[PDB]
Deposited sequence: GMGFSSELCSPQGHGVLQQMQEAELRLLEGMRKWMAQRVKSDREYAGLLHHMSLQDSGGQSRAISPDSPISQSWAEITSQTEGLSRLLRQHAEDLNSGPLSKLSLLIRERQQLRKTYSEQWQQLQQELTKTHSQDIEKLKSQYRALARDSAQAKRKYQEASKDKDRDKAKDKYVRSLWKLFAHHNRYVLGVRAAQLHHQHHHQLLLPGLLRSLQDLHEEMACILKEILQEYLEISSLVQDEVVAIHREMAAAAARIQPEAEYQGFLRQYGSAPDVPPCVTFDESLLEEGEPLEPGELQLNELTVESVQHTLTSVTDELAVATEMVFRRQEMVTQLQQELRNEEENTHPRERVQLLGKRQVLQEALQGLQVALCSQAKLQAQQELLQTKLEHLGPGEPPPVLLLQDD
C-alpha cells in the first residue's frame, strides 16, 4: 500500500510533509477560533434568553413556559463552559504537541542527512584524497629505487595499510546508505504518518465531543421543550375563570323593586272622569308597542346577519388566525345588547297595555262608575 515511508522517501517529499504539518496547524488554529466563537455565541444567547425574565390555568402555564425558558438559558451557559473546558482545551493541546512534531521531525530528519553525508561522502573523500597522496608518494620512492628500498618499503607499508582502511570505510558507507534508505528514513516517515493518523482519531473525537455539547436537539433541550409544550397544552380556555369566580364570586345584588306607595292615597281608577283618559292611553301605548316591536325586529335581523356572517368566517379561518374575528364578535356583542334593551322597552309597554286592556274589559258594557262626593 501507499505511505509516507514509501511515497515521500525523498528530499522533495520532506518539503511536502513540512508544508502539510503547517497546513494542518493552520486548519486546527481556525477550528480553535471557530469553537471559541461558539463559546461566545452560547454565553451571550444564555444572557439574551436570561434577560427575557392568580390561580389561572394560563397564569400557571405562563409561569412554567417562562421558568423553563430560564432552564434553557442556564443550559446554553453550561454548553459554553463544557465546550471551553472540554474539546476547545483539547484542541489547544493538539496544536501545542503538533508544534513540537514540526521541530522534532525536521531536526531528526536533518540529523539522519548529516550522518549519511559524513559516512557516505565526507569520510570517503578524506580516505580517497589520502589514498591518492600515499599512492603518488610510493610511485616517487619506486622511481628513486640501499636506502631507496627501505623508504619505498615504508611507502608501500602505509599505502596498503590505508588501502585496507579505505576498504572498511567503503563497506561502512555502503551499509549506512542501505540502513538509511531501507530502515532509518522509511522508519521515520512511517512513525510521522502513524502519529498523524492517531491525531486524526483525536480530532474526530474532539469534533464529535463539540457536536454533542453544542447540540440544541440533545435530550436535555427536548426535555425542556416538552415541559413548555405540555404547559401550553394544559390551558383550558372554558375553565379559565372557575377559580376566579370561587374567590371573587358573590350572590346577585338585586335591590328592592318599585311597589305602588300607599302613603299617597296599584289599581287603575276607572270612573266617569278617567274612562276617556284610559281609552286614549291604551291607543297611544298600543302605537308605542308596535313601534317597539318594529325596533326589536330590526335589531334581531341585525343580530341574525352578524351571527351568520361570523359562522361563515369561523368556517373560513385557520384556528390560529381567529384573533381577526374579535372585531366582528364585539360588533355582534353591541347588536345583542341593543336587541336585549329593545325587548326590555317592548316588554315595559306590553305590561302597561295589559293593565289598561284588563281594566277596560272588567267594566265591559257597564256604565263608567260615577264619582260619589259625600
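- Comparing the deposited sequence with the modelled residues, the stretches lacking C-alpha coordinates are 54 to 65, 158 to 166, 287 to 294, 404 to 406.
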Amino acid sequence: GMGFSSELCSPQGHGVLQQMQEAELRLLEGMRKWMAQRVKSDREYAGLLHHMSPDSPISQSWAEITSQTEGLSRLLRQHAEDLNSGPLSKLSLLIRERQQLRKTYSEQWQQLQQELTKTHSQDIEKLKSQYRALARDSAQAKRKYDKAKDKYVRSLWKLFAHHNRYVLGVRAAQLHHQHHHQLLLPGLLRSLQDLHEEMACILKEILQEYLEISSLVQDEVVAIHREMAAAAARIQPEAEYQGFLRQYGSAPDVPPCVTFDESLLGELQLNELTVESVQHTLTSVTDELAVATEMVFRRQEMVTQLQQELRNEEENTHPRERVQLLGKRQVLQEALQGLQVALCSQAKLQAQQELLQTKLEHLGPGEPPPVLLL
From here on, numbers count along this sequence of modelled residues.
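- The mean Cα B-factor in the deposited entry runs higher for 350 to 358 than for the other of 350 to 358 and 8 to 16.
- Stretches compared: 55 to 63, 334 to 342. Higher mean C-alpha B-factor in the entry: 55 to 63.
- When the C-alpha B-factors of 174, 215, 92, 129 are read from the PDB record, the largest value belongs to 129.
- Listed residues 197, 137, 209, 220 were ranked by CA B-factor as deposited; 137 comes out on top.
- The deposited CA B-factor of residue 186 belongs to the lowest third of values across its chain.
- Ranked within its chain, residue 42 lands in the lowest third, by CA B factor from the PDB record.
- Annotation for residue 107: C-alpha temperature factor in the middle third relative to the rest of the modelled chain, per the entry.
- Residue 117: CA B factor in the middle third of modelled residues in this chain (values from the PDB entry).
- Residue 32: CA B factor lies in the lowest third for its chain, per the PDB record.
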